[PDB]
Structures are given as C-alpha cells and as structure tokens.
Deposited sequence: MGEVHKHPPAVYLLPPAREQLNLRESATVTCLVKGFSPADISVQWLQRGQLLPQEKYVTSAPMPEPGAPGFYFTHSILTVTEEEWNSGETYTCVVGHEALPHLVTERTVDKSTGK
C-alpha cells in the first residue's frame, strides 16, 4: 500500500522568523519510507527538516504514518519559490510520489 502525501503550507499569519511547511504521509505499509525536500527542484540539506519515525496510523490498523516538517525563513517562504516533499516507498511502481507548495498555496 503506497503512501498518500499531503503537504500543508505554513499558516498565513504574517511573520516578522521561521516558517513551517508540513508534509503528512499516511496509509502506507510496510513502514519503510524515505522523505526528502526540494526548493526550486534542488535538494535541501537534512538540517532544515525533521522526519518522524513511522508509527501506527490512528484510525487505520495495519498502516503507518509519518510527518516531515521543513523549517525555512519567512523570506525563503515569501520569495514564491516552490517546495517539494519527496516520498520514496516500495509500493509505488515509479518508486516515488511528491507534492509541491508555494506562498500562493
């Protein structure tokens, strides 16, 4: 069962500071999964994001769930650049699925 990926932008709240971009990954098994992030199609280094170890998905026995949370500056977020959450998983025929967001999202 491949992961479903939902990528949420930071809150609209006008930042003066860090912006948080949130990648929710659910409905997958086995628990083995990879998550990386892009800015403008380029790999961001690990230090900018944190990915939770997969845990059993609440409300879905047999499946797991992880969050990956990217921190960027308000300026980096408000530049209008595209951010991509890239998820690798063995159930995907093309091995990977991704989502993208940007300040307009």
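Report task. Would you flag the ranges of the deposited sequence that the structure leaves without C-alpha positions? Result -> Residues missing from the model, as numbered along the full deposited sequence, span 1-6, 23-24, 114-115.
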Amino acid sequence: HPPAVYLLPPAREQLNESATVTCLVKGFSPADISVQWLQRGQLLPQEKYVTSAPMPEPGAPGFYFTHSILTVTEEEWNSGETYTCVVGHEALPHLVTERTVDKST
From here on, numbers count along this sequence of modelled residues.
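Give the stretch, out of 73-81 and 32-40, with the larger mean C-alpha temperature factor in the deposited entry.
Result: 73-81.
Selected stretch [higher average CA B-factor]: 89-97 or 5-13:
So the stretch with the higher mean C-alpha B-factor is 89-97.
message = Where does the C-alpha B-factor of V50 rank in its chain, lowest, middle or highest third?
response = For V50, the deposited C-alpha B-factor lands in the lowest third.
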